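The chain below stands alone, shown as structure tokens; this is the form deposited in one PDB entry.
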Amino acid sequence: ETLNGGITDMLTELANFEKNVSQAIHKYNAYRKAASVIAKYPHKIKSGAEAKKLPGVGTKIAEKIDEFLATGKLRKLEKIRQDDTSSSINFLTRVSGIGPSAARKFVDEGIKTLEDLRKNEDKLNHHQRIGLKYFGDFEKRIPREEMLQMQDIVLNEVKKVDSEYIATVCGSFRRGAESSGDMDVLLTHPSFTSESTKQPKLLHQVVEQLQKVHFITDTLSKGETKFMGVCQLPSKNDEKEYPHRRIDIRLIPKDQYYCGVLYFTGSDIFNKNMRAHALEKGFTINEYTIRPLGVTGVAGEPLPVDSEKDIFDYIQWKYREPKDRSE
């Protein structure tokens, strides 16, 4: 956690660069298990060799370790850190809709800067076009102060359209968070569950509504179960307009809300931990259900859930408000 820091840090730096600049999923996958193990290790790694004893720890990495322990640096990292080619791939990648694959290609053609991207908007698809458009806004955190007004809005329209719609703003904002990165609205409807052959309109009706009023300004992607857009709060009585914010709304078979709900609310650790527990407690939990476990090794049989509670009760635990789902 702090004893093997630099080591794992230098480790993940390296990996990352494999997978990103180079297309070496392998090496990258290397740096990572290593980084993974050294991470667990209970003692100050003193040299390559000590490290070396580890599983995943070959001579290659063990060797970086020495150089790093000897000199507080690393050439390869000093070298990658310099390399514009590589620096470029790192950056372009920040544009929403631009993965590595494309970052490389762009770079190839010679799109390295934000401006390059500009003079060449043509080479970019819708997503990237928008991603490039709202570059500054996407990078900004969402103050809860606004998180609230946004949540407010969405809530309203949903209701206005069908009264039977249930929506929850999941994520860290759900958990208290002072700021958030984007908005995650989970959604369902009675009329839609595990069997009932869809109702695409269900997602659609709502999107349209949000748009109608001008909350949603664009679309990154809209399918029959997951809409991925951009919104903005009515820019008041001027002098102050709002930043464009990423939004996602997904449809859910009412028969799986709460789990999904549970889940998306995190946190990553709270989840896992709860998760590990349901286990002992004789269960299983995934992004959609909670299955009683059986002796033969494994088992099925989706237990019925009406609220976050049920999940709780099942594995017999103390209902933890989102506030404290911290870990």
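All residue numbers refer to positions in the sequence shown, first residue = 1.
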Practice task
Check whether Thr197 goes without coordinates in at least a third of the other compared PDB entries of this protein that model residues on both sides of it.
Solution key: yes
Completion exercise
The stretch whose C-alpha atoms carry the larger average B-factor in the entry, 12 to 20 or 302 to 310, is 302 to 310
Practice task
Between 269 to 277 and 59 to 67, point out the one with the higher average CA B-factor as the PDB entry records it.
Solution key: 269 to 277
Problem - Residue with highest C-alpha B-factor in the PDB entry, from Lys160, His204, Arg94, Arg245 - result: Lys160
Problem - Top Cα B factor in the deposited entry, candidates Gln82, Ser88, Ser101, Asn120 - result: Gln82
Fill in the blank from the handout: On the chain's distribution of Cα B-factors, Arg144 falls within the third called lowest
Exercise for the section: Check where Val261 lands among this chain's C-alpha B-factors and tell me if it's the lowest, middle or highest third. Expected result: lowest
Exercise for the section: Quick one: classify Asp137 as lowest, middle or highest third of the chain based on its Cα B-factor. Expected result: lowest
Handout entry: Third of the chain, ranked by Cα B-factor, where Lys46 sits
Key = middle
Completion exercise
By the entry's values, the third containing the CA B factor of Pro200 is the highest
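If you look for the form deposited in another entry, you will not find it shown, but the lines that follow are about it.
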Problem - Co-assignment to one rigid part between the shown form and the other one, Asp182 and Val21 - result: no
